Amino acid sequence: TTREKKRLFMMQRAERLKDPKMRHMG
Amino acid sequence: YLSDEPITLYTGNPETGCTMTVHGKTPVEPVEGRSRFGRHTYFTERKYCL
Amino acid sequence: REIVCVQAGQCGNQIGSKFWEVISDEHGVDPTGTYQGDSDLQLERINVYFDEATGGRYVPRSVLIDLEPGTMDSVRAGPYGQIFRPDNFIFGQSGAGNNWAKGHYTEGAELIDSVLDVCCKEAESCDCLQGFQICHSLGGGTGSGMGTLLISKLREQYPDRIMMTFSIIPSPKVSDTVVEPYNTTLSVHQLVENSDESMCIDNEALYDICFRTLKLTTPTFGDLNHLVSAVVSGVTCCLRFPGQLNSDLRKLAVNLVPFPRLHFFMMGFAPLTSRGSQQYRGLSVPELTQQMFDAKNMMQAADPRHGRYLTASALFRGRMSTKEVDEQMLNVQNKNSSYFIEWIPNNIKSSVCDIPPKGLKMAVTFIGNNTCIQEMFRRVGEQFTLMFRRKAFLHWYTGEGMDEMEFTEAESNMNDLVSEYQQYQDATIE
Amino acid sequence: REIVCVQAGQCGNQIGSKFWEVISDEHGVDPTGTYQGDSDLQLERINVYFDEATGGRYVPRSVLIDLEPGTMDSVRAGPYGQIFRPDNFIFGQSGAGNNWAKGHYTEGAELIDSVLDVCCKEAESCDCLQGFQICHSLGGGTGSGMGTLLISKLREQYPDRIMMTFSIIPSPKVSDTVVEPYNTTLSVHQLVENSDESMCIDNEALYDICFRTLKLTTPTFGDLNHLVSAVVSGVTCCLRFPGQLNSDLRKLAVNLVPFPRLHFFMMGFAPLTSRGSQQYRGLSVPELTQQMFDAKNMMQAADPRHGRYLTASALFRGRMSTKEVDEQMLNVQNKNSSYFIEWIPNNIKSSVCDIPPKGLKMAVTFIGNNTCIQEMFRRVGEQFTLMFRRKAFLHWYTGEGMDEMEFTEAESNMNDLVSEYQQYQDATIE
Amino acid sequence: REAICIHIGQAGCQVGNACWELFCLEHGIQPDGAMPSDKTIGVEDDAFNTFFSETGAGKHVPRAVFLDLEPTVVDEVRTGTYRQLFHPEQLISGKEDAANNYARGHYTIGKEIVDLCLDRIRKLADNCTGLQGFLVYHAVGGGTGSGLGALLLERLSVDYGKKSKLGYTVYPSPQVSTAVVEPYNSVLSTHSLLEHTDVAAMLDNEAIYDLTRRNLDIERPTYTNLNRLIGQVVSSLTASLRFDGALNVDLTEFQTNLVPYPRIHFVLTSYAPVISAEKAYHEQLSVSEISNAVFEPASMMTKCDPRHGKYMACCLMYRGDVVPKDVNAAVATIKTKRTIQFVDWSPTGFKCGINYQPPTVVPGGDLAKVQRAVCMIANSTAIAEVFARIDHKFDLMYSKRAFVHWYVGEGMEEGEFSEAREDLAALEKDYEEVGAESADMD
Amino acid sequence: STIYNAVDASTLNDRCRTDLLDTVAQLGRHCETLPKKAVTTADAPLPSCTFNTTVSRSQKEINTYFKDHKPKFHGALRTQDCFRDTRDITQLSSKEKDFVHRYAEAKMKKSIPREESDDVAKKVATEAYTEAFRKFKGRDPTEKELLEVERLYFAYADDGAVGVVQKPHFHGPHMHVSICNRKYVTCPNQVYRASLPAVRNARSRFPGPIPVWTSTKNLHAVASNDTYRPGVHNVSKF
Amino acid sequence: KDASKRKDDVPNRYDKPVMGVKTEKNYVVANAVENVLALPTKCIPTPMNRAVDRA
Ligand SMILES: Nc1nc2c(ncn2[C@@H]2O[C@H](COP(=O)(O)OP(=O)(O)OP(=O)(O)O)[C@@H](O)[C@H]2O)c(=O)[nH]1
Ligand SMILES: Nc1nc2c(ncn2[C@@H]2O[C@H](COP(=O)(O)OP(=O)(O)O)[C@@H](O)[C@H]2O)c(=O)[nH]1
Ligand SMILES: Nc1nc2c(ncn2[C@@H]2O[C@H](COP(=O)(O)OP(=O)(O)O)[C@@H](O)[C@H]2O)c(=O)[nH]1
Ligand SMILES: [Mg+2]
């Protein structure tokens, strides 16, 4: 389903960008 | 002699535990092999913030 | 009757840290901010220095300002640092460079609006505001420039209140910086116009207090700042505890200042004695009276023996008789008539307060208005004239933008202050 | 008393999504549409924002419009997207291209009839209709063109209701598009004739709110849209809950607008504080009022200190005494008297509502009519004059069909609006 | 909160190897650029930030460029032990040397290489948020160091403007010499150093050889010893930015306290506990004794005697176990001495600094390990005597135009010799005039 | 829809319609009277390639009212002074002029006579000062002692006496604190005319740690700390 | 060729600024005369005018 994949991608992106160092230079 | 920390007034006595309280100190990293007098600036400079 | 504190520069922030430690101890406030005291007398005036935050907590009404954040991380890291409100720390990015013009004109004007916003936030919250209290050094860079700038703005906004300053001035003997005379001269020019009452302290006098009276083996700046915090917390004691003869900062100003420019005072605190000696002497009003006038216990390099007292004030803390206070002040006034200005019939005011600092049976703080303070300013002017005649380091200040005429203004104003004190010293009844 | 909301373009659709999340939370509506609340006070005014469909569920009276379906697929994918009625989403097949003329004349007229049909179907279903509420950006393409087209058609069809708009306008410092001045000028020309009351927001002001006040480490557009959703949901609180002194959108308009062209207002919401700082300061009516007038808490780049307040309104939510509200608003009027227009004896209206926003015991929203809004329009007109004198990009608009005379009319109308604000901003001693 | 180092030519790159070896070992960065840290956000330091930046893979890289016209020394850095520490773009090398000609470096060859250096420095300055100066290492005796150092300082002074440039310079020794044409290059170099530097520290190899023979017990010293001493001095001056202390000193405080007039910016440097291990057993090392040591002319790293001039300002940096009261007692005792003289217009002659981090020990080093040290930089009129010995050698060679045809053929007008010689004469007269006691009404 | 159509289609009576339309017309006229900014016009010498086109682009194209009421109250307090009116704030004060004269005398190493002015305020102040000096001491003041007139600020009392303001107040708004707190825009202790000081814009800097400010030349350009400080020169009255 | 001039020349040892400026006055008499001429002031609110006294 498209909605499930979009929600999953957004959740993983939010998990990645939570660390400021990783947002800067990951 | 290349690795031991010199005994100071600001490090206190290691074999008695006494340590004078003075101005100019900052929080200390607990990692092994690091000096305790390294500067700490997280409170006033949140690094990598935007 | 609420006081607002301003802490400026490294010296000011460190003295402030020790002051708030002393005040938190006297009112039984835990370093987490929780009240843990053991008498209602402690709680009933807590509002004077602390505001109440939600669920038990108390926060201290103080503003911290500095041009480099190195000190601010140190005070936040200190044992009581957590009590301070995070929004109350104001800091820049580049240092004062030990330059008065840089601290006053370039980074001063950049930060001054945010400090005035915080000071207004603190002042407008009080139901009735008493004077401000400021601690700073005159020899530094951000302390001198931004302290005098902020004093000028607060004096514009609250001209009917009291303006009080505690100020450190460079020793003629142990300087840490070469350009001290310029910063000191410009700052005293600002203070003599702006202030209502100013206390001056020499680091040399605190070292002599520690070594001769306390016999400390290894004194540190923490001890000097502890002595200063002790007197600062002592002057306000009658504002916040009951007593047989109440007193107030405005009452001190009215009794101490004969004319508006003569507002520079000497400081002392009496019960100081080494741990070896403590077993040999009990506290009593004669002992406090003898120590309070002993020049060994005075916090300035000028000595009373070269001048005359216009006025003096003594505030006593503790359970004691009023007869002994009155008779001691009468005996000293009658026996020592040569050290008192003769066209004033009685120079000493006394005050008595019931609540001593915890763990001491009695204490007294002494404030003195003596013409010998003119000797310090003349000495600073000598070092300035030696440096100024040769334009020794002037290009830094001129590069910031000052006209040389400002230096001549500061010299003329200091010379007029010395002349006015000298003329009142040699006045006569005729 | 029912409100109909219209959300246009990507910014409008995103703010609408956050608004409907906040409103669904306050009335306890599950994302399936089922009522799961815990007090009858929630049900008695649910009609104001929701219509009831059979078997319990509620659906929100909102129309979704955009020229490219990307946002609609995003809102359908959102956490509350399912609640929306499928027939209420209207979309085309090609974008606005950031061009006002494209959004207004060619693709606008093709869809506008279907939007008017849906809006009329929604309006005629209400038992009593209150004003419309519209969210859109003025710098975009479909937001500006179709929003102003729809505003004109609804004002023709419902001239006796209220027309209220919340609008975001491009920063001169943080812009995403080069042709922003043309779209902004034409949109302001349409709004000053068509609107009854217009609120303006700068993304720069919301970023300064987040960074200085909230100390957010990594802010996102969702936070910006929450601040906007908070003020919009706060203005209507007195319409839908009991209180000691009820208020209404029409009552706000009658007290705020002295003359029909002066209907542009500033907004603020007071209880904003970072999670670390909140333990150090309790909320109280003096604190909310002081933050409420603090320009740091105002959502536009223009500063009130460069103008004067003609009128202001404060809506309080929570259980509180009327004496503190009245005396605080009197104290603020007396203390800042130079910033209030002198030919109106009292400029502030107050209102009190019993039910606060979720998670806060009390809150206040502020609406202000201040002449400093002229600085924003002057800045946009300056950038327009730089671009228009050189015919910088006009061929796009002329190829769509616009007469240059439209540009000269819009410029003249905005210049007259700036002049009217400028005469009242400055004092006249004579 | 950061400083960028620019290394030019052979002496500057070799001194750079010792400096970066010390800064790595003091902070703890491994030779491949790795350093373990704490896994929880907020419990971490920043002292490395002055000299290193970390990559997203966790490698550390230093804020330095290495500039040379011959490949050999940079290829030696590329193939040595620190191969993985430096970014390869930072190590810039040309094809052929400036052949001891200032003219060849300035006009013909440095003109080709200078734009790559400026592009690298720009890329470094863009990755900063509180840059507070440039540190430059070069020798004025050689062709590329003099010519390209001058050209690069001129370009930096136009592009960056107010930013400070502090130079550590190896000047030609008064009787030890390595090349015949040293006077011409040093004279032409000093004009550029005069216009484009805020503080200039002068070094002579003959003084550091004397210091290593007298204080240390080394019979056959080599350049690595001198470079390790220079690295210790630079580490002492920059420690005030990197570690906790009682009295910090920002680089602008040095310029404010040490420079009285904008041209009077040439300073002498000395370091106190230079002592061998055997001596440590029999010597106390109190604050007053090392303070007395810093004033002995046997401690200086430049061959000049300060008793032939007057001091204008002194800056004393103490690191280690020192208490301010002991510093005050020491400075008052120094002030009492009659062999130490200050100009009468400078009554408050001293600046003090106190830092808690004691000096680091390097595995192959020759200094003993000590709990405290003091370092001094001071401005004195005696330096005017140092320029006179180079100018005499210039006059001796120029009286017969001994080698001028190389400079004129490689692109330089003969007039530049006379202009530079007159500029050094005026600088000598400025140091004579500023140091004259008092004045008179007529 | 225009206002005329709405008025003509409304349910109001004729008189209210006429009143509303007249109000709108008067507002329009008063708006026309106001100072304004001139509408922009395209330049004349504009180059080519602005009127030209391209084949693909050509294929794409489709082708009085506000009366003044100033009520006066009997026995209202005096809020003006002659001495206050004479002085101005942009020029040098009298004490500054005195210092300039003393500086010139010290530089030239000789006494310089002062200029004589025919201002009536100076004469009134000198007469009052001479009377006070004669009351305090039997002598008349000398020329040297009459220089004190320049260093002081003078004002009239309510009954017409001449006095000296010991402690002047700020010419902007300030606080007088009593049993209640109050703001006074004007107070008798003020020396200069009352004015509202200019303030710096709160949103001048970028929303972030980067050093970007707004330019001093226009409202949209940006600037940084390169060779000048843009944060100190953003003060403006409006 | 670079011909820029960044640093100003050092001053002569005889070049001195104007300094040592002193004003001459008798502070006792001046202070007494200023105190005699001083105007009284009050920090209490000014008496408010009644609504009937309008013209
Ligand atoms: N202290 C010290 N002095 C050095 C060192 N290397 C060279 N010198 C001295 O510096 C001078 C030579 O300058 P060089 O650096 O070789 O000149 P260059 O920069 O290579 O210029 P070119 O020869 O044209 O390439 C001589 O006086 C050497 O004694 C070193 O590593 N340490
Ligand atoms: N008594 C006392 N003096 C201090 C303290 N810290 C610094 N000083 C003195 O103040 C002067 C330095 O001024 P400083 O506070 O650094 O100026 P700033 O840079 O403008 O803040 C020197 O004379 C120091 O000895 C302190 O905690 N207590
Ligand atoms: N506050 C806020 N601003 C937005 C949002 N989406 C876009 N913007 C801003 O609005 C402008 C773009 O306008 P846009 O909404 O794309 O116009 P449209 O294409 O007609 O819908 C830019 O300044 C964006 O930064 C949003 O969700 N919230
Ligand atoms: Mg070489």
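Residues numbered from 1 in each chain as written, not as in the entry; some residues may be left out. Chains lettered and ligands numbered in written order. Part of a larger assembly, values for the part shown. Heavy atoms only, no water.

- You'll find chain F entered in the PDB entry as MC5, with Trypanosoma brucei brucei TREU927 given as the organism.
- Each PDB entry has a title, and for this one the record gives "Cryo-EM structure of 96 nm repeat of microtubule doublet from T. brucei flagellum".

- Looking up chain C in the PDB entry gives the name Tubulin beta chain, with the organism given as Trypanosoma brucei brucei TREU927.
- Heading Cofactor (unreviewed entry) of the UniProt record for chain C holds this comment: "Mg(2+)".
- Under the UniProt heading Sequence similarities (unreviewed entry), the entry covering chain C gives this text: "Belongs to the tubulin family." (UniProt positions renumbered as here; feature names shortened; annotations may be inferred.)

Re the overall build of chain C
In step 1: The helix and strand inventory of chain C stands at 15 helices and twelve strands.
In step 2: Taken over the C-alpha trace, chain C has a radius of gyration of 21 Å; the compact-globule value for 430 residues is 22 Å, and the two agree within 12%.
In step 3: Taken along the three principal axes of its C-alpha coordinates, chain C extends 65 × 60 × 45 Å.
In step 4: The buried share of chain C, taken over its 430 residues, is 61%. (Helix = DSSP H or I, 4+ residues; strand = E, 2+ residues; numbered from the N terminus. Rg over C-alpha atoms; globule rule 2.2 N^0.38 Å. Buried < 20%, exposed > 50% of the residue type's maximum accessible area, 1.4 Å probe, protein only.)

Re the interface of chain D and chain F
In step 1: Contacts between the two partners involve 52 residues from chain D, matched on the other side by 44 residues from chain F.
In step 2: At the boundary of chain D with chain F, total buried surface from both sides reaches about 4,100 Å², with 56% on carbon and sulfur atoms.
In step 3: When residues of chain D are sorted by the area they lose upon contact with chain F, D:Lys173, D:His306 and D:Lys335 head the list and together hold 15% of the total.
In step 4: Taken together, the links from chain D to chain F amount to four salt bridges.
In step 5: Here D:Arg390 makes a salt bridge to F:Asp43, at a shortest N to O gap of 3.6 Å.
In step 6: In this assembly, chain D and chain F are joined by 13 residue pairs in polar contact.
In step 7: Counting only elements with at least two residues in the side of chain D that touches chain F, the list comes to α7 (203–214), α12 (322–335), α13 (373–389), α14 (394–400) and α15 (404–425) of chain D.
In step 8: Sort the elements by how many residues they give to the side of chain D that touches chain F and α13(D) lands first, with ten residues.
In step 9: For the side of chain D that touches chain F, the residue count by class is 17 nonpolar, 15 polar and 20 charged. (Contact = heavy atoms within 4.5 Å. Buried area = accessible area lost by both parts, 1.4 Å probe. Salt bridge = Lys/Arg side-chain N within 4 Å of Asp/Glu carboxyl O. Polar contact = N/O pair within 3.5 Å; in protein donor to acceptor, adjacent residues only side chain to side chain. Nonpolar A, V, L, I, M, F, W, Y, C, P; charged D, E, K, R; others polar.)

Structural notes on helix α8 (residues 251–258) of chain E
In step 1: Across the eight residues of α8(E), seven count as buried, placing the element largely inside the fold.
In step 2: Those residues of α8(E) lying buried are E:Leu251, E:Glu253, E:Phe254, E:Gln255, E:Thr256, E:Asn257 and E:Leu258.

A few points about the pairing of strand β7 (residues 163–168) of chain D
Residue and element names in this part refer to chain D.
In step 1: Along β7, six of the six residues are buried, which leaves the element largely enclosed by surrounding structure.
In step 2: Of the two faces of β7, both are covered, the one formed by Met-163, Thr-165 and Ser-167 as well as the one formed by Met-164, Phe-166 and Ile-168.
In step 3: One crossover worth recording links strand β6 (residues 129–137) to the parallel β7 by way of helix α5 (residues 142–157), and it is right-handed.
In step 4: When β7 meets strand β8 (residues 197–201), the two strands line up parallel, connected through five bridges. Note that in β8 the partner of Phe-166 across the bridge is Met-199.
In step 5: Where the polypeptide runs from β7 across helix α6 (residues 180–194) and back to β8, its parallel neighbour, the crossover connection is right-handed. (Right-handed = clockwise from strand over helix to strand, strands pointing away. Pairing = 2+ DSSP bridges.)

Notes on the site of ligand 2
Residue and element names in this part refer to chain C.
In step 1: Around ligand 2 sit 13 residues, and of these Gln-14, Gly-141, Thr-142, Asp-176 and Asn-225 come closest.
In step 2: Note that an oxygen atom of ligand 2 is positioned 2.7 Å from one of the backbone N or O atoms of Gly-141.
In step 3: In this structure, a nitrogen atom belonging to ligand 2 sits 2.5 Å away from a side-chain N or O atom of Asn-225.
In step 4: For ligand 2, whose unbound accessible area comes to 580 Å², protein coverage reaches 86%.
In step 5: Listing elements by their share of the shell around ligand 2, those giving two or more residues are α1 (9–26), α5 (142–157) and α8 (221–235).
In step 6: In terms of residue count, α1 provides more of the shell around ligand 2 than any other element does, four residues in total.
In step 7: Across the shell around ligand 2, the residue classes tally to two nonpolar, ten polar and one charged. (Near = heavy atom within 4 Å. Areas by Shrake-Rupley, 256 points an atom, 1.4 Å probe, with all protein chains shown as cover.)

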